[PDB]
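Source file final16.tsv; content: TSV, N, CA and C atoms.
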```
chain	number	residue	atom	x	y	z
A	11	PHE	N	0.83	-1.20	0.00
A	11	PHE	CA	0.00	0.00	0.00
A	11	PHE	C	0.87	1.25	0.00
A	12	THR	N	2.18	1.05	-0.09
A	12	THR	CA	3.15	2.14	-0.15
A	12	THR	C	3.91	2.05	-1.46
A	13	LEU	N	4.15	3.21	-2.07
A	13	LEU	CA	4.81	3.24	-3.38
A	13	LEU	C	6.22	2.67	-3.33
A	14	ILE	N	6.84	2.64	-2.15
A	14	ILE	CA	8.14	2.00	-2.01
A	14	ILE	C	8.00	0.48	-2.11
A	15	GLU	N	6.98	-0.08	-1.45
A	15	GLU	CA	6.81	-1.53	-1.43
A	15	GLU	C	6.53	-2.08	-2.82
A	16	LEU	N	5.71	-1.38	-3.60
A	16	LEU	CA	5.39	-1.85	-4.95
A	16	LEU	C	6.62	-1.82	-5.85
A	17	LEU	N	7.46	-0.79	-5.70
A	17	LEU	CA	8.69	-0.73	-6.47
A	17	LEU	C	9.63	-1.87	-6.10
A	18	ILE	N	9.72	-2.18	-4.80
A	18	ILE	CA	10.55	-3.31	-4.39
A	18	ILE	C	9.98	-4.62	-4.94
A	19	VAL	N	8.65	-4.73	-4.98
A	19	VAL	CA	8.02	-5.91	-5.56
A	19	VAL	C	8.39	-6.05	-7.03
A	20	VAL	N	8.35	-4.95	-7.77
A	20	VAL	CA	8.73	-4.99	-9.18
A	20	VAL	C	10.18	-5.41	-9.33
A	21	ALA	N	11.06	-4.88	-8.48
A	21	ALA	CA	12.47	-5.26	-8.55
A	21	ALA	C	12.66	-6.75	-8.28
A	22	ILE	N	11.97	-7.28	-7.28
A	22	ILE	CA	12.13	-8.70	-6.95
A	22	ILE	C	11.56	-9.58	-8.06
A	23	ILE	N	10.45	-9.15	-8.67
A	23	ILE	CA	9.89	-9.90	-9.79
A	23	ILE	C	10.87	-9.93	-10.95
A	24	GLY	N	11.48	-8.78	-11.26
A	24	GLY	CA	12.49	-8.75	-12.31
A	24	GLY	C	13.69	-9.63	-11.98
A	25	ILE	N	14.07	-9.69	-10.71
A	25	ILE	CA	15.17	-10.55	-10.30
A	25	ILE	C	14.81	-12.02	-10.50
A	26	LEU	N	13.60	-12.40	-10.11
A	26	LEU	CA	13.21	-13.81	-10.16
A	26	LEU	C	12.92	-14.28	-11.58
A	27	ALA	N	12.47	-13.39	-12.46
A	27	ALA	CA	12.13	-13.81	-13.81
A	27	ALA	C	13.35	-14.02	-14.70
A	28	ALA	N	14.54	-13.66	-14.23
A	28	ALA	CA	15.77	-13.78	-15.01
A	28	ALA	C	16.53	-15.07	-14.72
A	29	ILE	N	15.92	-16.00	-13.99
A	29	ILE	CA	16.59	-17.24	-13.63
A	29	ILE	C	16.94	-18.03	-14.88
A	30	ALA	N	18.16	-18.56	-14.92
A	30	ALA	CA	18.61	-19.33	-16.08
A	30	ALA	C	18.02	-20.74	-16.03
A	31	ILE	N	17.07	-21.01	-16.91
A	31	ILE	CA	16.46	-22.33	-17.03
A	31	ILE	C	17.47	-23.28	-17.65
A	32	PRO	N	17.38	-24.59	-17.40
A	32	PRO	CA	18.35	-25.52	-17.98
A	32	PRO	C	18.19	-25.63	-19.49
A	33	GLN	N	19.27	-26.03	-20.15
A	33	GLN	CA	19.23	-26.30	-21.58
A	33	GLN	C	18.30	-27.47	-21.86
A	34	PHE	N	17.43	-27.31	-22.86
A	34	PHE	CA	16.44	-28.33	-23.17
A	34	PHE	C	16.66	-29.03	-24.51
A	35	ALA	N	17.30	-28.36	-25.47
A	35	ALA	CA	17.55	-28.98	-26.77
A	35	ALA	C	18.37	-30.25	-26.62
A	36	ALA	N	19.47	-30.18	-25.87
A	36	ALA	CA	20.28	-31.37	-25.63
A	36	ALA	C	19.50	-32.42	-24.84
A	37	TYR	N	18.65	-31.98	-23.91
A	37	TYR	CA	17.88	-32.92	-23.11
A	37	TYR	C	16.96	-33.75	-24.00
A	38	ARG	N	16.31	-33.11	-24.96
A	38	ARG	CA	15.46	-33.85	-25.90
A	38	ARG	C	16.28	-34.67	-26.89
A	39	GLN	N	17.45	-34.17	-27.28
A	39	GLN	CA	18.31	-34.92	-28.19
A	39	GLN	C	18.77	-36.23	-27.55
A	40	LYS	N	18.93	-36.23	-26.22
A	40	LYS	CA	19.24	-37.47	-25.52
A	40	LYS	C	18.16	-38.52	-25.77
A	41	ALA	N	16.90	-38.14	-25.59
A	41	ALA	CA	15.80	-39.08	-25.81
A	41	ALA	C	15.74	-39.52	-27.27
A	42	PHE	N	15.98	-38.60	-28.20
A	42	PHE	CA	15.97	-38.97	-29.61
A	42	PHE	C	17.05	-40.01	-29.91
A	43	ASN	N	18.26	-39.80	-29.40
A	43	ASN	CA	19.34	-40.76	-29.63
A	43	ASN	C	19.03	-42.11	-28.98
A	44	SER	N	18.44	-42.10	-27.79
A	44	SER	CA	18.06	-43.35	-27.15
A	44	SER	C	17.02	-44.10	-27.98
A	45	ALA	N	16.07	-43.36	-28.56
A	45	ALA	CA	15.08	-43.98	-29.44
A	45	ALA	C	15.75	-44.62	-30.65
A	46	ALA	N	16.72	-43.92	-31.24
A	46	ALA	CA	17.45	-44.49	-32.37
A	46	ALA	C	18.17	-45.77	-31.97
A	47	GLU	N	18.80	-45.76	-30.80
A	47	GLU	CA	19.52	-46.94	-30.31
A	47	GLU	C	18.58	-48.13	-30.14
A	48	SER	N	17.45	-47.91	-29.47
A	48	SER	CA	16.50	-48.99	-29.24
A	48	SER	C	15.95	-49.52	-30.56
A	49	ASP	N	15.67	-48.62	-31.51
A	49	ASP	CA	15.18	-49.06	-32.81
A	49	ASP	C	16.20	-49.94	-33.52
A	50	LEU	N	17.48	-49.56	-33.47
A	50	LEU	CA	18.50	-50.39	-34.11
A	50	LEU	C	18.59	-51.77	-33.46
A	51	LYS	N	18.56	-51.81	-32.13
A	51	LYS	CA	18.65	-53.11	-31.45
A	51	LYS	C	17.46	-54.00	-31.79
A	52	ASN	N	16.26	-53.42	-31.80
A	52	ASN	CA	15.07	-54.20	-32.14
A	52	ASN	C	15.12	-54.66	-33.59
A	53	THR	N	15.67	-53.84	-34.49
A	53	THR	CA	15.81	-54.26	-35.88
A	53	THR	C	16.75	-55.45	-36.00
A	54	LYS	N	17.86	-55.43	-35.26
A	54	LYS	CA	18.76	-56.58	-35.27
A	54	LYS	C	18.05	-57.83	-34.78
A	55	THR	N	17.28	-57.71	-33.70
A	55	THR	CA	16.57	-58.87	-33.18
A	55	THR	C	15.55	-59.40	-34.19
A	56	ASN	N	14.82	-58.50	-34.85
A	56	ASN	CA	13.84	-58.93	-35.84
A	56	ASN	C	14.50	-59.61	-37.03
A	57	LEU	N	15.64	-59.09	-37.49
A	57	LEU	CA	16.34	-59.72	-38.60
A	57	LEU	C	16.80	-61.13	-38.24
A	58	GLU	N	17.35	-61.29	-37.03
A	58	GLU	CA	17.76	-62.63	-36.63
A	58	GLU	C	16.56	-63.54	-36.42
A	59	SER	N	15.40	-62.98	-36.07
A	59	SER	CA	14.18	-63.77	-36.02
A	59	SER	C	13.80	-64.28	-37.40
A	60	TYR	N	13.85	-63.40	-38.40
A	60	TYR	CA	13.53	-63.81	-39.77
A	60	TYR	C	14.49	-64.90	-40.23
A	61	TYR	N	15.76	-64.78	-39.86
A	61	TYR	CA	16.74	-65.79	-40.26
A	61	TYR	C	16.45	-67.17	-39.68
A	62	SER	N	15.37	-67.35	-38.92
A	62	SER	CA	15.04	-68.66	-38.37
A	62	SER	C	14.03	-69.42	-39.23
A	63	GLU	N	12.96	-68.76	-39.67
A	63	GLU	CA	12.00	-69.42	-40.54
A	63	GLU	C	12.66	-69.88	-41.84
A	64	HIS	N	13.39	-68.99	-42.49
A	64	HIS	CA	14.14	-69.30	-43.70
A	64	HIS	C	15.62	-69.34	-43.37
A	65	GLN	N	16.45	-69.50	-44.40
A	65	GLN	CA	17.89	-69.58	-44.22
A	65	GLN	C	18.61	-68.45	-44.96
A	66	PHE	N	17.99	-67.28	-45.03
A	66	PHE	CA	18.63	-66.12	-45.63
A	66	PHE	C	17.99	-64.86	-45.09
A	67	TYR	N	18.80	-63.81	-44.96
A	67	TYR	CA	18.31	-62.51	-44.56
A	67	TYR	C	17.47	-61.90	-45.67
A	68	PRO	N	16.67	-60.87	-45.37
A	68	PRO	CA	15.81	-60.28	-46.41
A	68	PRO	C	16.62	-59.85	-47.62
A	69	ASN	N	15.98	-59.93	-48.78
A	69	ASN	CA	16.60	-59.64	-50.08
A	69	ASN	C	17.70	-60.64	-50.40
B	11	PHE	N	-16.79	64.77	18.48
B	11	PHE	CA	-16.85	66.21	18.31
B	11	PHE	C	-16.46	66.93	19.60
B	12	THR	N	-16.07	66.14	20.60
B	12	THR	CA	-15.63	66.65	21.89
B	12	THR	C	-14.19	66.23	22.13
B	13	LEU	N	-13.39	67.15	22.67
B	13	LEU	CA	-11.97	66.87	22.87
B	13	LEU	C	-11.73	65.71	23.82
B	14	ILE	N	-12.71	65.40	24.68
B	14	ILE	CA	-12.59	64.23	25.53
B	14	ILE	C	-12.73	62.95	24.71
B	15	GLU	N	-13.69	62.92	23.79
B	15	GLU	CA	-13.94	61.71	23.01
B	15	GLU	C	-12.75	61.36	22.13
B	16	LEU	N	-12.12	62.36	21.52
B	16	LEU	CA	-10.97	62.10	20.65
B	16	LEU	C	-9.79	61.56	21.46
B	17	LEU	N	-9.59	62.08	22.66
B	17	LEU	CA	-8.53	61.57	23.52
B	17	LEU	C	-8.80	60.12	23.92
B	18	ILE	N	-10.05	59.80	24.23
B	18	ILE	CA	-10.39	58.41	24.55
B	18	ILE	C	-10.17	57.52	23.33
B	19	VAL	N	-10.48	58.04	22.13
B	19	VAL	CA	-10.24	57.28	20.90
B	19	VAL	C	-8.76	56.99	20.74
B	20	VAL	N	-7.91	57.99	20.99
B	20	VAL	CA	-6.47	57.79	20.89
B	20	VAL	C	-6.01	56.74	21.89
B	21	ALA	N	-6.53	56.80	23.12
B	21	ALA	CA	-6.16	55.81	24.13
B	21	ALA	C	-6.56	54.40	23.71
B	22	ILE	N	-7.76	54.24	23.16
B	22	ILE	CA	-8.22	52.92	22.76
B	22	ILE	C	-7.42	52.41	21.57
B	23	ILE	N	-7.06	53.30	20.64
B	23	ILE	CA	-6.22	52.90	19.52
B	23	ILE	C	-4.87	52.42	20.01
B	24	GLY	N	-4.27	53.15	20.95
B	24	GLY	CA	-3.00	52.72	21.52
B	24	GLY	C	-3.12	51.39	22.24
B	25	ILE	N	-4.26	51.16	22.90
B	25	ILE	CA	-4.48	49.88	23.57
B	25	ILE	C	-4.56	48.75	22.56
B	26	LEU	N	-5.29	48.97	21.46
B	26	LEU	CA	-5.53	47.90	20.50
B	26	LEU	C	-4.30	47.61	19.64
B	27	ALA	N	-3.46	48.61	19.40
B	27	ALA	CA	-2.30	48.41	18.54
B	27	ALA	C	-1.17	47.66	19.23
B	28	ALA	N	-1.27	47.43	20.54
B	28	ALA	CA	-0.22	46.76	21.30
B	28	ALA	C	-0.47	45.26	21.46
B	29	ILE	N	-1.45	44.71	20.73
B	29	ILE	CA	-1.79	43.30	20.86
B	29	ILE	C	-0.60	42.44	20.44
B	30	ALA	N	-0.32	41.41	21.23
B	30	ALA	CA	0.80	40.52	20.94
B	30	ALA	C	0.43	39.55	19.84
B	31	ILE	N	1.00	39.75	18.65
B	31	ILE	CA	0.79	38.86	17.51
B	31	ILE	C	1.51	37.55	17.78
B	32	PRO	N	1.08	36.44	17.18
B	32	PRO	CA	1.77	35.17	17.44
B	32	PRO	C	3.16	35.14	16.82
B	33	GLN	N	4.01	34.29	17.37
B	33	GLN	CA	5.34	34.08	16.81
B	33	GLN	C	5.22	33.48	15.42
B	34	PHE	N	5.98	34.02	14.46
B	34	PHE	CA	5.90	33.57	13.08
B	34	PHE	C	7.14	32.86	12.58
B	35	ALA	N	8.32	33.16	13.15
B	35	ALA	CA	9.54	32.50	12.71
B	35	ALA	C	9.44	30.99	12.88
B	36	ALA	N	9.02	30.54	14.07
B	36	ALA	CA	8.84	29.11	14.29
B	36	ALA	C	7.75	28.54	13.39
B	37	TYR	N	6.70	29.32	13.13
B	37	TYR	CA	5.61	28.84	12.28
B	37	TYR	C	6.12	28.53	10.88
B	38	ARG	N	6.96	29.40	10.33
B	38	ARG	CA	7.55	29.15	9.02
B	38	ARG	C	8.60	28.04	9.07
B	39	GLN	N	9.35	27.95	10.18
B	39	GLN	CA	10.33	26.88	10.31
B	39	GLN	C	9.67	25.51	10.31
B	40	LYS	N	8.44	25.43	10.82
B	40	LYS	CA	7.68	24.18	10.73
B	40	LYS	C	7.51	23.75	9.28
B	41	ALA	N	7.07	24.67	8.42
B	41	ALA	CA	6.88	24.35	7.01
B	41	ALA	C	8.20	23.99	6.35
B	42	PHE	N	9.28	24.70	6.70
B	42	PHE	CA	10.58	24.38	6.13
B	42	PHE	C	11.01	22.96	6.49
B	43	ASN	N	10.85	22.58	7.76
B	43	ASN	CA	11.22	21.23	8.18
B	43	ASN	C	10.35	20.18	7.50
B	44	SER	N	9.06	20.46	7.35
B	44	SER	CA	8.19	19.52	6.65
B	44	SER	C	8.62	19.35	5.20
B	45	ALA	N	9.04	20.44	4.55
B	45	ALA	CA	9.54	20.35	3.19
B	45	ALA	C	10.79	19.48	3.13
B	46	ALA	N	11.70	19.65	4.09
B	46	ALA	CA	12.90	18.81	4.13
B	46	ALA	C	12.53	17.34	4.29
B	47	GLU	N	11.57	17.05	5.17
B	47	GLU	CA	11.13	15.68	5.40
B	47	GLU	C	10.58	15.06	4.12
B	48	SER	N	9.67	15.77	3.45
B	48	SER	CA	9.08	15.26	2.22
B	48	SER	C	10.13	15.05	1.14
B	49	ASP	N	11.08	15.97	1.03
B	49	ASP	CA	12.15	15.82	0.05
B	49	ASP	C	12.97	14.56	0.33
B	50	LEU	N	13.30	14.31	1.59
B	50	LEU	CA	14.07	13.10	1.91
B	50	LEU	C	13.29	11.84	1.56
B	51	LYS	N	12.00	11.81	1.90
B	51	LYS	CA	11.20	10.62	1.59
B	51	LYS	C	11.12	10.38	0.09
B	52	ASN	N	10.89	11.45	-0.68
B	52	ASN	CA	10.82	11.30	-2.13
B	52	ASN	C	12.16	10.88	-2.71
B	53	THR	N	13.27	11.36	-2.13
B	53	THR	CA	14.58	10.92	-2.60
B	53	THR	C	14.79	9.44	-2.36
B	54	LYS	N	14.36	8.94	-1.20
B	54	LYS	CA	14.45	7.50	-0.94
B	54	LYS	C	13.64	6.72	-1.97
B	55	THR	N	12.42	7.18	-2.26
B	55	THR	CA	11.59	6.47	-3.23
B	55	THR	C	12.23	6.48	-4.62
B	56	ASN	N	12.80	7.62	-5.02
B	56	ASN	CA	13.45	7.70	-6.33
B	56	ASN	C	14.67	6.79	-6.41
B	57	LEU	N	15.46	6.72	-5.34
B	57	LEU	CA	16.62	5.85	-5.35
B	57	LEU	C	16.21	4.39	-5.47
B	58	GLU	N	15.18	3.98	-4.74
B	58	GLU	CA	14.72	2.60	-4.87
B	58	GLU	C	14.09	2.35	-6.24
B	59	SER	N	13.54	3.39	-6.87
B	59	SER	CA	13.08	3.24	-8.25
B	59	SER	C	14.24	2.98	-9.19
B	60	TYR	N	15.33	3.74	-9.04
B	60	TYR	CA	16.50	3.53	-9.88
B	60	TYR	C	17.04	2.12	-9.68
B	61	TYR	N	17.03	1.63	-8.45
B	61	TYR	CA	17.54	0.29	-8.18
B	61	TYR	C	16.73	-0.81	-8.87
B	62	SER	N	15.70	-0.47	-9.66
B	62	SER	CA	14.92	-1.48	-10.36
B	62	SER	C	15.39	-1.68	-11.79
B	63	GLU	N	15.62	-0.59	-12.54
B	63	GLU	CA	16.14	-0.74	-13.90
B	63	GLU	C	17.48	-1.45	-13.91
B	64	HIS	N	18.41	-1.00	-13.08
B	64	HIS	CA	19.72	-1.60	-12.93
B	64	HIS	C	19.77	-2.33	-11.59
B	65	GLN	N	20.95	-2.85	-11.25
B	65	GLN	CA	21.14	-3.59	-10.01
B	65	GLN	C	22.17	-2.92	-9.11
B	66	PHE	N	22.23	-1.59	-9.13
B	66	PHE	CA	23.12	-0.86	-8.24
B	66	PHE	C	22.60	0.55	-8.07
B	67	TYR	N	22.82	1.11	-6.88
B	67	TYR	CA	22.47	2.48	-6.60
B	67	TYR	C	23.41	3.42	-7.37
B	68	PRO	N	23.05	4.70	-7.51
B	68	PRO	CA	23.90	5.62	-8.26
B	68	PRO	C	25.32	5.64	-7.73
B	69	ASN	N	26.27	5.87	-8.65
B	69	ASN	CA	27.70	5.84	-8.36
B	69	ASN	C	28.16	4.44	-7.96
```
Encoding of this model in structure tokens:
Amino acid sequence: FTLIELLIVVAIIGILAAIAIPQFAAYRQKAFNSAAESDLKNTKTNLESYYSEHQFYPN
Amino acid sequence: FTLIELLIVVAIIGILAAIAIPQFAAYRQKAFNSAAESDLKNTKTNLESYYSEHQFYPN
């Protein structure tokens, strides 16, 4: 209710809004690379599964 | 219109002109001190305002 208090509130809000958030692009790239890894491993397993019914890999 | 009445008039005028007026120097000093007080408070508010755009007081 005092013009000093509101100015201090504005200053503290400006201080708090400048917090450095963590990097997110690399964080998501981690998940993307893990997805690629899992896909490759599952593809290897599926290919070796196919090599059981017949005696040759695809093509 | 009588020399007695005019003398009484002079006496009453002399009586009325001797009235003790209130002290005025202190009365004006009150306003001066209030002005100093308000100026100091406004200076504090302005300094805290400046401390919002930047993160340091002047100088």
Please report as a PDB file with N, CA and C atoms, keeping the file's coordinate frame which residues of chain B come no farther than 6.5 Å from chain A, using only N, CA and C atoms.
```
ATOM      1  N   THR B  55      12.420   7.180  -2.260  1.00  0.00           N
ATOM      2  CA  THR B  55      11.590   6.470  -3.230  1.00  0.00           C
ATOM      3  C   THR B  55      12.230   6.480  -4.620  1.00  0.00           C
ATOM      4  N   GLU B  58      15.180   3.980  -4.740  1.00  0.00           N
ATOM      5  CA  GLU B  58      14.720   2.600  -4.870  1.00  0.00           C
ATOM      6  C   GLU B  58      14.090   2.350  -6.240  1.00  0.00           C
ATOM      7  N   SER B  59      13.540   3.390  -6.870  1.00  0.00           N
ATOM      8  CA  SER B  59      13.080   3.240  -8.250  1.00  0.00           C
ATOM      9  C   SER B  59      14.240   2.980  -9.190  1.00  0.00           C
ATOM     10  N   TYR B  61      17.030   1.630  -8.450  1.00  0.00           N
ATOM     11  CA  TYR B  61      17.540   0.290  -8.180  1.00  0.00           C
ATOM     12  C   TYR B  61      16.730  -0.810  -8.870  1.00  0.00           C
ATOM     13  N   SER B  62      15.700  -0.470  -9.660  1.00  0.00           N
ATOM     14  CA  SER B  62      14.920  -1.480 -10.360  1.00  0.00           C
ATOM     15  C   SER B  62      15.390  -1.680 -11.790  1.00  0.00           C
TER      16      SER B  62
END
```
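In this structure, atom C of residue A:68 sits 12.4 Å away from atom C of residue A:53.
With atom CA of residue A:51 on one side and atom CA of residue A:63 on the other, the separation reads 19.8 Å.
The coordinates place atom C of residue A:48 at 17.2 Å from atom CA of residue A:60.
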Would you pull stretch 33-62 of chain A out of the block just shown and save C-alpha atoms as a compact mmCIF listing (two decimals), in the first residue's frame?
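Resulting contents of decode02.txt:
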```txt
# COMPACT_ATOMS: atom_id res chain seq x y z
CA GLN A 33 19.23 -26.30 -21.58
CA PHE A 34 16.44 -28.33 -23.17
CA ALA A 35 17.55 -28.98 -26.77
CA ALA A 36 20.28 -31.37 -25.63
CA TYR A 37 17.88 -32.92 -23.11
CA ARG A 38 15.46 -33.85 -25.90
CA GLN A 39 18.31 -34.92 -28.19
CA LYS A 40 19.24 -37.47 -25.52
CA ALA A 41 15.80 -39.08 -25.81
CA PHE A 42 15.97 -38.97 -29.61
CA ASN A 43 19.34 -40.76 -29.63
CA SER A 44 18.06 -43.35 -27.15
CA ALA A 45 15.08 -43.98 -29.44
CA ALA A 46 17.45 -44.49 -32.37
CA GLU A 47 19.52 -46.94 -30.31
CA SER A 48 16.50 -48.99 -29.24
CA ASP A 49 15.18 -49.06 -32.81
CA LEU A 50 18.50 -50.39 -34.11
CA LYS A 51 18.65 -53.11 -31.45
CA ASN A 52 15.07 -54.20 -32.14
CA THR A 53 15.81 -54.26 -35.88
CA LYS A 54 18.76 -56.58 -35.27
CA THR A 55 16.57 -58.87 -33.18
CA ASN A 56 13.84 -58.93 -35.84
CA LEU A 57 16.34 -59.72 -38.60
CA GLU A 58 17.76 -62.63 -36.63
CA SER A 59 14.18 -63.77 -36.02
CA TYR A 60 13.53 -63.81 -39.77
CA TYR A 61 16.74 -65.79 -40.26
CA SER A 62 15.04 -68.66 -38.37
```
